[PDB]
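Chemist: Can you keep this structure in mind? I'll have questions shortly.
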Amino acid sequence: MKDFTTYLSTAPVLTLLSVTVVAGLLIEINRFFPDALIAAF
Amino acid sequence: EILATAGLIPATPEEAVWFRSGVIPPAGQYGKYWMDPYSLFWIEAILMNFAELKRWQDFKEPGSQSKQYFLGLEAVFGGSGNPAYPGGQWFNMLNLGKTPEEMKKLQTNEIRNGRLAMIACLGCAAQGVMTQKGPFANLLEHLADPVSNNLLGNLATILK
Amino acid sequence: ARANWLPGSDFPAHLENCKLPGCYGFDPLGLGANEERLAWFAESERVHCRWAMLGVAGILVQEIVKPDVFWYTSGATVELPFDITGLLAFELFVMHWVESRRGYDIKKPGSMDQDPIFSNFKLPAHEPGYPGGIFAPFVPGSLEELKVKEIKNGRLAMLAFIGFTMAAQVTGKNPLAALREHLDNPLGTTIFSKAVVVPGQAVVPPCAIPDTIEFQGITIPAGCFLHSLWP
Amino acid sequence: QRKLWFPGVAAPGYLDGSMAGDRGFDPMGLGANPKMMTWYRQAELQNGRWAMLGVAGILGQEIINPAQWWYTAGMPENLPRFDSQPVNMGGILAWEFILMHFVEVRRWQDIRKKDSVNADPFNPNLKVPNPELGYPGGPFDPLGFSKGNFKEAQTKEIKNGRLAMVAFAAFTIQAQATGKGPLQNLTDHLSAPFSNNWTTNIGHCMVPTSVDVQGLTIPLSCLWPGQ
Amino acid sequence: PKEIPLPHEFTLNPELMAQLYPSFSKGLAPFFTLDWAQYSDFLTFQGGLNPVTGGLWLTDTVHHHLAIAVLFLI
Amino acid sequence: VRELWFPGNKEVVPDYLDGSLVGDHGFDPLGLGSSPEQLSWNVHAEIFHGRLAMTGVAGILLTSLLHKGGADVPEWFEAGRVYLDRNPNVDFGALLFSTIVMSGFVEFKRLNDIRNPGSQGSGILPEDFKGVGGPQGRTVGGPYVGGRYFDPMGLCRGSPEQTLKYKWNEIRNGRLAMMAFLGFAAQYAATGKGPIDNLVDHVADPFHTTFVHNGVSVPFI
Ligand code: CLA
Ligand code: CLA
Ligand code: CLA
Ligand code: CLA
Ligand SMILES: CC1=C[C@H](O)CC(C)(C)[C@H]1/C=C/C(C)=C/C=C/C(C)=C/C=C/C=C(C)/C=C/C=C(C)/C=C/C1=C(C)C[C@H](O)CC1(C)C
Ligand SMILES: CC1=C[C@H](O)CC(C)(C)[C@H]1/C=C/C(C)=C/C=C/C(C)=C/C=C/C=C(C)/C=C/C=C(C)/C=C/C1=C(C)C[C@H](O)CC1(C)C
Ligand SMILES: CC1=C[C@H](O)CC(C)(C)[C@H]1/C=C/C(C)=C/C=C/C(C)=C/C=C/C=C(C)/C=C/C=C(C)/C=C/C1=C(C)C[C@H](O)CC1(C)C
């Protein structure tokens with residue numbers, strides 16, 4: 001699975017998974033914390 | 001069907017037809033089995049999976065299936081050179097075709113009978129779609145009046 | 001050959017030429033395969049034997065002199081002359097002392113044969129688990145076959161105590177009362193008579209000891225070991 | 001060897017005719033392993049002798065007590081009473097369970113090691129002289145009918161055992177199909193053989209769908225699904 | 001559409017088909033005898049559109065597909 | 001050589017699944033443990049999954065037996081809400097965080113054993129937590145931990161064939177219990193009752209109570 005994990009470590013797979021997890025994290029942030037116009041603490 | 005026509009079994013001959021035996025529930029159902037057809041198919045799938053997968057691996061390796069334990073049943077799974085003809089202690093229990101020419105003749109017997117049966121199975125399916133009756137019933141109706149009861153004479157009433 | 005738990009079979013590996021008394025080539029699970037574990041298990045077996053002997057004898061004598069009292073509930077209904085919390089604390093302290101001394105003897109023999117009070121009094125050198133000396137005043141003959149007698153009576157008494165608690169849980173009465181209940185009706189008082197499971201129905205004898213018993217304000221969940229798994 | 005179970009069957013290599021009952025069978029190949037082969041011979045001997053006892057019991061019970069069907073003879077209400085003790089089926093099961101557990105553990109230890117449990121557990125001076133496995137003798141052979149010709153008597157025993165096994169399978173199937181006794185079924189076949197045969201009789205399970213035995217429900221069955 | 005019969009039971013027997021298209025009462029007999037004009041209820045040729053839906057006549061599409069299938073197999 | 005997961009058939013994966021590991025029958029059709037480091041990691045995962053599923057299945061079976069006996073014991077699929085209703089003073093986040101922290105302590109101990117097989121038998125822990133090795137030829141650490149604490153009865157110290165037999169027992173029972181928990185989850189999803197309830201329902205009625213009669217597996221019957 002060394003070659004398979006090397007394929008998973010290739011630049012397109014890693015950038016698509018990274019933008020996927022970042023977009024999903026931001027989406028769930030807006031799902032639980034919607035309409036956050038300002039950083040009101 | 002030939003047993004229901006003679007009345008030996010207590011099954012109505014319209015019910016003892018092969019495609020009404022629960023193989024196709026739209027075509028007919030037999031609800032008197034000891035389980036419903038899906039449970040029977042589940043255990044049949046398991047059993048056929050066993051049998052056909054061991055057969056497949058013996059085809060791929062024509063010496064295997066006798067080296068791994070199988071509750072002592074692996075002794076009769078050696079087979080022979082031909083995958084179609086294992087003929088061990090079980091597959092040829094009566095030991096017929098002792099001499100090679102008799103074995104070839106009986107092989108020809110088997111293949112001719114089986115190809116006739118392949119034609120017969122295709123014909124039984126076509127008659128079942130064609131006449132909505134059993135193959136023995138179709139044979140009896142054809143023997144009653146061959147000119148009227150044939151493929152061209154039954155061409156009008158086919159699924160009714 | 002020799003005395004065996006299963007005649008015609010052989011001893012295992014760790015039990016070949018036993019030095020422990022009452023060795024009959026058992027241990028199917030091989031619990032005594034290890035060396036020091038076998039000695040620890042021998043000590044635990046000896047103290048189990050002696051404690052269960054004391055327990056079975058105490059239950060029997062308590063019933064002979066007092067047939068009206070139930071030994072399983074005797075800890076809650078006996079009318080103690082003293083309070084129970086201080087009694088339990090006294091027992092905990094003194095039994096902690098004596099069991100610590102015994103356990104450290106088993107850890108190392110030549111370490112505590114000495115009286116902490118009087119320097120002159122000291123147990124002689126002995127095999128571990130068999131103190132003797134003051135503990136063994138009078139000995140009816142040689143020590144080895146009497147040790148075998150002791151261990152065999154201890155196995156019998158452990159089985160006896162398990163039978164006692166199961167008779168108390170199933171019948172709700174005394175084991176000699178359960179005995180006299182079994183003798184007059186031998187075909188009907190067996191557990192096979194009163195407990196049969198078949199693929200379709202399970203018959204379980206009812207539990208007689210109450211699930212919750214009140215004792216000095218508090219309640220103790222002294223049910224009936226565990227149900228469900230009862231046959 | 002000589003004559004086999006089929007006119008043209010080739011005998012197995014391990015079936016050389018050396019031991020009793022060899023007719024060159026085993027199409028499953030279950031006898032290929034000699035260890036399992038001795039185990040299966042032990043099972044065959046036990047099953048054959050128990051089938052003999054069962055078939056002889058059914059026949060003798062039918063000729064002596066014809067009013068009691070052997071299939072339902074295990075019911076508590078059909079059990080003949082010899083004393084004033086109440087009938088309790090766990091009581092009988094305890095006696096048999098303990099006694100048969102003892103004797104079958106003895107036989108199992110004899111199977112595991114040849115010459116293992118031959119001696120009496122109390123005095124190890126007098127033993128049973130078993131010549132091979134499954135054939136203890138001694139008190140089990142007190143009338144001295146062995147000693148001389150042992151192979152033909154062994155084959156007599158094994159062939160009668162196979163016959164008794166087949167006969168008890170017949171008895172069970174006939175009891176489930178007709179609901180009547182075996183000799184009674186034979187008598188019924190002598191009267192009207194054209195209606196009292198395996199045709200029509202099969203496909204009906206005369207066994208009730210359950211049974212109640214002093215508060216215990218046993219579901220029962222009839223070997224084949226046919227009612 | 002809930003009470004419309006399922007496609008298989010329309011395919012299963014020619015009875016309901018004969019209620020909707022009467023040429024199915026005689027089955028495949030006029031096909032093999034080349035009296036194909038009796039199939040004109042469901043093998044049609046009008047042109048234009050079905051006024052109920054505004055689409056083509058589905059019988060015309062059937063006739064089209066059969067004709068081009070014969071042409072392509074030739 | 002050994003008995004395989006598919007008798008005959010010599011395309012069994014190259015010599016990383018040789019007949020050395022306990023439970024090895026050549027079953028890796030997807031090659032999920034082809035590399036040796038992943039193979040060792042997956043051996044740790046398999047042993048841990050087997051032990052955890054064995055504990056969980058034993059607990060589920062005992063609580064389901066007690067539930068049929070009339071005890072005040074909930075079924076496994078509803079024990080959390082039953083505990084919260086019986087004990088309202090416990091915060092769910094409280095118990096969850098406490099479980100996370102305590103489980104994390106021992107799991108980081110196991111993790112640093114995975115990273116270094118000999119690094120956990122020193123420091124605060126004694127030499128008994130060094131481990132005994134086994135998989136991949138090493139004689140330290142790994143899923144098998146000897147000592148008088150994780151093997152207090154000492155049933156794999158002495159007689160190596162006894163150790164091999166017990167290891168085979170453990171791996172077979174662990175795989176069986178993993179499939180048992182999978183069956184428990186599937187039966188709860190398809191029936192809505194407990195495992196012992198399903199077992200006695202099928203034993204009481206062999207027929208008409210199979211998986212095709214629950215309406216979930218076969219989705220029309
Ligand atoms: C009439 C059809 C037919 C014929 C002529 C043959 C002929 C042959 N088969 Mg074959 N076979 C058939 C049908 C047939 N088979 C079917 C339908 C199946 C599927 C179940 C098989 C499956 C099969 C296997 C797996 C094997 C053979 C083998 C063989 C060869 C071994 C010699 C032999 O015993 O002959 C057969 C003799 C006859 C067909 C005549 C007897 C006909 C009677 C009336 C039927 C007997 C059934 C009996 C009543 C049921 C109990 C049997 C017994 C316990 C009494 C031989 C050339 C073996 C082989 O290849 O050897 C190397 C072997 O491996 N066959
Ligand atoms: C907890 C009490 C106890 C303990 C510590 C021992 C310990 C020992 N026994 Mg012993 N034994 C006991 C009770 C006990 N026994 C009882 C009650 C009987 C009568 C049935 C016997 C009969 C017996 C025989 C015939 C022999 C031994 C022998 C031995 C020694 C070797 C076996 C071994 O290494 O495994 C160690 C055993 C344990 C660590 C006990 C583990 C208990 C498990 C974990 C609980 C399971 C309980 C089990 C299911 C039974 C349920 C109880 C009840 C319903 C009956 C060993 C030092 C052999 C020997 O060489 O003598 C010196 C031997 O010949 N025992
Ligand atoms: C449980 C009964 C039983 C057992 C354990 C055996 C065991 C044995 N038999 Mg035997 N046999 C039996 C019954 C039995 N037999 C019966 C009833 C008959 C009369 C038909 C025979 C006739 C017979 C012959 C002629 C020969 C053997 C031989 C052998 C030996 C080699 C065969 C083998 O290895 O397969 C092992 C067999 C089994 C493990 C039994 C499996 C039973 C299956 C699983 C159930 C099948 C159900 C069955 C078809 C239905 C029966 C009822 C029916 C009558 C309606 C072996 C030790 C050979 C021999 O003597 O070796 C020297 C041989 O020559 N047997
Ligand atoms: C998550 C539990 C788990 C894990 C980590 C392992 C790990 C391992 N197994 Mg094992 N196994 C398991 C469960 C597990 N097994 C169960 C439950 C069974 C009984 C069916 C078996 C039966 C088995 C056999 C017979 C053998 C192995 C073998 C192996 C080793 C080599 C295979 C491999 O590298 O693939 C790695 C495995 C995984 C990465 C886990 C697979 C999970 C997949 C990705 C999810 C899909 C599977 C799931 C069942 C589908 C349903 C999920 C959901 C829809 C409900 C390896 C260390 C071989 C060996 O050599 O033993 C040492 C071998 O012979 N296993
Ligand atoms: C292997 C072995 C080995 C050992 O050792 C020995 C032994 C045992 C001998 C063996 C076995 C064998 C076997 C099994 C056999 C069988 C066979 C068969 C079944 C055949 C059939 C076969 C069959 C066949 C051909 C069939 C055919 C059929 C036909 C033509 C039909 C016809 C028809 C049709 C169309 C329809 C119509 O409407 C009517 C009719 C007229 C009716
Ligand atoms: C050997 C072996 C080895 C292998 O390998 C494995 C196995 C098999 C597991 C094993 C084992 C087995 C067994 C059987 C065991 C058991 C044990 C026991 C029983 C103990 C008890 C033991 C027991 C015991 C101590 C007991 C004791 C008791 C007591 C004191 C009592 C007391 C009392 C009294 C007086 C009276 C009062 O009022 C109350 C009370 C308080 C109640
Ligand atoms: C040879 C071979 C080999 C190859 O390889 C494979 C094959 C082919 C499979 C084969 C075959 C096999 C077979 C046939 C088997 C069979 C068996 C049997 C039948 C058994 C029984 C067996 C049987 C038996 C034991 C039985 C017994 C019986 C009894 C005890 C009874 C009892 C009784 C009586 C008195 C009466 C009362 O009232 C009740 C009761 C209680 C009821």
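Residues in the structure tokens are numbered from 1 in each chain, the chains being A, B, ... in the order shown, and ligands are numbered from 1 in the order shown.
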Taking only C-alpha atoms into account, which residues of chain A are within 10 Å of chain F, as a list in words?

Modeler: residues 1, 2, 3 and 4 of chain A

Chemist: Keeping only N, CA and C atoms, write those residues as a CSV table (one decimal), in the first residue's frame.

Modeler:
```
chain,number,residue,atom,x,y,z
A,1,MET,N,0.9,-1.2,0.0
A,1,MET,CA,0.0,0.0,0.0
A,1,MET,C,0.9,1.2,0.0
A,2,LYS,N,2.2,0.9,-0.1
A,2,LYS,CA,3.2,2.0,-0.1
A,2,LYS,C,3.0,2.8,-1.4
A,3,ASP,N,2.8,2.2,-2.5
A,3,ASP,CA,2.6,2.9,-3.8
A,3,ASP,C,1.2,3.6,-3.8
A,4,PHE,N,0.2,3.0,-3.2
A,4,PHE,CA,-1.1,3.6,-3.1
A,4,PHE,C,-1.0,4.8,-2.2
```

Chemist: Using only C-alpha atoms, find each residue of chain B with at least one atom at most 6 Å away from an atom of chain F; report its shortest atom-to-atom pair and that distance in Å (one decimal), sort the rows by chain and rising residue number, and return the result as a Markdown table.

Modeler:
```
| residue | atom | partner | partner_atom | distance |
| --- | --- | --- | --- | --- |
| B:64 | CA | F:8 | CA | 4.9 |
| B:65 | CA | F:8 | CA | 5.7 |
| B:68 | CA | F:3 | CA | 6.0 |
```

Chemist: Using only C-alpha atoms, select each residue of chain D with any atom at most 7 Å away from an atom of chain C, and give the selection as a ChimeraX atom specification.

Modeler: /D:86,88-91,94,109,116-117,217-219

Chemist: Mind dumping the selected residues with N, CA, C and O atoms as an mmCIF file, in the first residue's frame?

Modeler:
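Output file result-v3.cif follows:
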```
data_model
loop_
_atom_site.group_PDB
_atom_site.id
_atom_site.type_symbol
_atom_site.label_atom_id
_atom_site.label_comp_id
_atom_site.auth_asym_id
_atom_site.auth_seq_id
_atom_site.Cartn_x
_atom_site.Cartn_y
_atom_site.Cartn_z
ATOM 1 N N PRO D 86 -43.408 -40.671 42.911
ATOM 2 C CA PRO D 86 -43.950 -39.893 41.793
ATOM 3 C C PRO D 86 -43.016 -39.917 40.595
ATOM 4 O O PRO D 86 -41.791 -39.977 40.729
ATOM 5 N N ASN D 88 -41.050 -38.312 37.633
ATOM 6 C CA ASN D 88 -40.444 -37.024 37.319
ATOM 7 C C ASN D 88 -39.344 -37.274 36.304
ATOM 8 O O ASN D 88 -38.396 -38.011 36.589
ATOM 9 N N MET D 89 -39.467 -36.653 35.133
ATOM 10 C CA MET D 89 -38.606 -37.022 34.018
ATOM 11 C C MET D 89 -37.172 -36.553 34.228
ATOM 12 O O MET D 89 -36.242 -37.145 33.668
ATOM 13 N N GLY D 90 -36.970 -35.503 35.023
ATOM 14 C CA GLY D 90 -35.620 -35.144 35.417
ATOM 15 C C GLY D 90 -35.003 -36.148 36.370
ATOM 16 O O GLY D 90 -33.777 -36.265 36.445
ATOM 17 N N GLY D 91 -35.838 -36.878 37.113
ATOM 18 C CA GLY D 91 -35.319 -37.917 37.986
ATOM 19 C C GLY D 91 -34.706 -39.076 37.225
ATOM 20 O O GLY D 91 -33.631 -39.565 37.584
ATOM 21 N N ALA D 94 -31.464 -37.941 35.469
ATOM 22 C CA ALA D 94 -30.293 -37.818 36.333
ATOM 23 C C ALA D 94 -29.559 -39.149 36.469
ATOM 24 O O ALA D 94 -28.327 -39.206 36.338
ATOM 25 N N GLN D 109 -11.846 -42.751 27.252
ATOM 26 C CA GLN D 109 -10.451 -42.890 27.655
ATOM 27 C C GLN D 109 -9.830 -44.153 27.077
ATOM 28 O O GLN D 109 -8.631 -44.170 26.774
ATOM 29 N N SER D 116 -5.902 -48.639 28.442
ATOM 30 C CA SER D 116 -5.798 -47.435 29.253
ATOM 31 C C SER D 116 -6.579 -47.595 30.549
ATOM 32 O O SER D 116 -6.045 -47.369 31.639
ATOM 33 N N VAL D 117 -7.841 -48.001 30.435
ATOM 34 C CA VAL D 117 -8.745 -48.094 31.576
ATOM 35 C C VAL D 117 -9.197 -49.534 31.775
ATOM 36 O O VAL D 117 -10.332 -49.788 32.193
ATOM 37 N N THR D 217 -42.684 -27.929 27.387
ATOM 38 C CA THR D 217 -43.119 -28.004 25.998
ATOM 39 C C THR D 217 -41.930 -28.373 25.117
ATOM 40 O O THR D 217 -40.940 -27.636 25.064
ATOM 41 N N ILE D 218 -42.032 -29.502 24.429
ATOM 42 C CA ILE D 218 -41.010 -29.970 23.499
ATOM 43 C C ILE D 218 -41.564 -29.812 22.086
ATOM 44 O O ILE D 218 -42.653 -30.323 21.797
ATOM 45 N N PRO D 219 -40.864 -29.115 21.185
ATOM 46 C CA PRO D 219 -41.475 -28.772 19.889
ATOM 47 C C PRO D 219 -41.663 -29.952 18.948
ATOM 48 O O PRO D 219 -42.569 -29.896 18.108
#
```

Chemist: Which residues, written as a ChimeraX atom specification, have at least one atom at most 12 Å from residue 134 in chain F, with only C-alpha atoms counted and residues fewer than 6 positions away on the same chain left out?

Modeler: /F:20-22,40,43-44,117,140-146,156,160,163-164,167

Chemist: Keeping only N, CA and C atoms, write those residues as an mmCIF file, in the first residue's frame.

Modeler:
```
data_model
loop_
_atom_site.group_PDB
_atom_site.id
_atom_site.type_symbol
_atom_site.label_atom_id
_atom_site.label_comp_id
_atom_site.auth_asym_id
_atom_site.auth_seq_id
_atom_site.Cartn_x
_atom_site.Cartn_y
_atom_site.Cartn_z
ATOM 1 N N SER F 20 3.655 -17.330 10.075
ATOM 2 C CA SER F 20 4.326 -16.939 11.308
ATOM 3 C C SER F 20 3.411 -16.215 12.280
ATOM 4 N N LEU F 21 2.608 -15.271 11.799
ATOM 5 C CA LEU F 21 1.681 -14.559 12.664
ATOM 6 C C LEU F 21 0.568 -15.483 13.141
ATOM 7 N N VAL F 22 0.067 -15.205 14.342
ATOM 8 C CA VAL F 22 -1.055 -15.962 14.876
ATOM 9 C C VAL F 22 -2.328 -15.531 14.163
ATOM 10 N N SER F 40 2.500 -4.456 10.804
ATOM 11 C CA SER F 40 2.618 -4.449 12.262
ATOM 12 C C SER F 40 1.536 -3.586 12.905
ATOM 13 N N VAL F 43 -1.629 -5.548 12.767
ATOM 14 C CA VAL F 43 -1.648 -6.611 13.774
ATOM 15 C C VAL F 43 -2.034 -6.045 15.134
ATOM 16 N N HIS F 44 -1.455 -4.894 15.499
ATOM 17 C CA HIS F 44 -1.863 -4.227 16.733
ATOM 18 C C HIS F 44 -3.350 -3.886 16.709
ATOM 19 N N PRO F 117 8.926 -0.387 21.190
ATOM 20 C CA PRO F 117 8.444 -1.539 21.974
ATOM 21 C C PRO F 117 9.038 -1.655 23.371
ATOM 22 N N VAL F 140 9.933 -7.925 22.294
ATOM 23 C CA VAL F 140 9.656 -6.848 23.237
ATOM 24 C C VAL F 140 8.424 -6.088 22.760
ATOM 25 N N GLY F 141 7.593 -5.664 23.714
ATOM 26 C CA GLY F 141 6.455 -4.812 23.420
ATOM 27 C C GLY F 141 5.381 -5.510 22.603
ATOM 28 N N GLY F 142 4.698 -4.720 21.780
ATOM 29 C CA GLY F 142 3.702 -5.234 20.873
ATOM 30 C C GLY F 142 2.366 -5.483 21.537
ATOM 31 N N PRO F 143 1.447 -6.117 20.803
ATOM 32 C CA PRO F 143 0.123 -6.405 21.376
ATOM 33 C C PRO F 143 0.164 -7.376 22.541
ATOM 34 N N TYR F 144 1.165 -8.250 22.596
ATOM 35 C CA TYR F 144 1.272 -9.243 23.658
ATOM 36 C C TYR F 144 2.172 -8.695 24.759
ATOM 37 N N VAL F 145 1.597 -8.474 25.937
ATOM 38 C CA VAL F 145 2.309 -7.914 27.081
ATOM 39 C C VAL F 145 2.308 -8.966 28.179
ATOM 40 N N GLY F 146 3.491 -9.438 28.557
ATOM 41 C CA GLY F 146 3.584 -10.433 29.606
ATOM 42 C C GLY F 146 3.465 -9.835 30.992
ATOM 43 N N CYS F 156 0.991 -17.841 29.771
ATOM 44 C CA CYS F 156 1.902 -17.877 28.633
ATOM 45 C C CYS F 156 3.352 -17.657 29.050
ATOM 46 N N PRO F 160 5.881 -23.170 25.505
ATOM 47 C CA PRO F 160 5.594 -22.313 24.339
ATOM 48 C C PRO F 160 4.434 -22.794 23.482
ATOM 49 N N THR F 163 1.413 -21.389 24.902
ATOM 50 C CA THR F 163 1.299 -19.989 24.506
ATOM 51 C C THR F 163 0.738 -19.860 23.096
ATOM 52 N N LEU F 164 1.220 -20.691 22.168
ATOM 53 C CA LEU F 164 0.716 -20.655 20.798
ATOM 54 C C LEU F 164 -0.758 -21.040 20.736
ATOM 55 N N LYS F 167 -2.803 -18.175 22.127
ATOM 56 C CA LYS F 167 -2.831 -17.058 21.185
ATOM 57 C C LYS F 167 -3.790 -17.331 20.034
#
```

Chemist: Taking only C-alpha atoms and all ligand atoms into account, report as a ChimeraX atom specification which residues have an atom no farther than 7 Å from an atom of ligand 3.

Modeler: /D:5,15,17,19-26,28-32,37-38,40-41,43-44,47-48,162-163,165-166,169-170

Chemist: What is the distance, in Å and to one decimal place, between CA of residue 66 in chain F and CA of residue 81 in chain F?

Modeler: 17.9 Å

Chemist: Compute the chain B side of the contact with chain D at 6 Å, counting only C-alpha atoms, and hand it back as a ChimeraX atom specification.

Modeler: /B:72-73,75-76,89-90,94-95

Chemist: Could you give me the residues within 9 Å of ligand 5, counting only C-alpha atoms and all ligand atoms, as a ChimeraX atom specification?

Modeler: /B:87-96,110,112-124,127,134-142 /D:9

Chemist: Figure out the distance between CA of residue 164 in chain D and CA of residue 54 in chain D, please, to one decimal in Å.

Modeler: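 These atoms are spaced 8.3 Å apart.
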
Chemist: Would you pick out the contacts of residue 53 in chain D at 12 Å or less, using only C-alpha atoms, so that residues sharing its chain but fewer than 6 positions from it are not included, and give the list as a compact mmCIF listing (two decimals) with C-alpha atoms, in the first residue's frame?

Modeler:
```
# COMPACT_ATOMS: atom_id res chain seq x y z
CA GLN D 46 -21.66 -47.96 19.19
CA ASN D 47 -24.42 -46.88 16.79
CA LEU D 59 -40.10 -55.47 18.36
CA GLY D 60 -40.36 -57.08 21.80
CA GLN D 61 -42.50 -54.24 23.13
CA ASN D 160 -26.33 -57.06 12.03
CA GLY D 161 -25.53 -53.59 13.37
CA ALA D 164 -30.34 -52.61 12.81
CA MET D 165 -29.36 -49.03 11.90
CA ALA D 167 -34.18 -50.89 10.51
CA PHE D 168 -34.36 -48.11 13.09
```
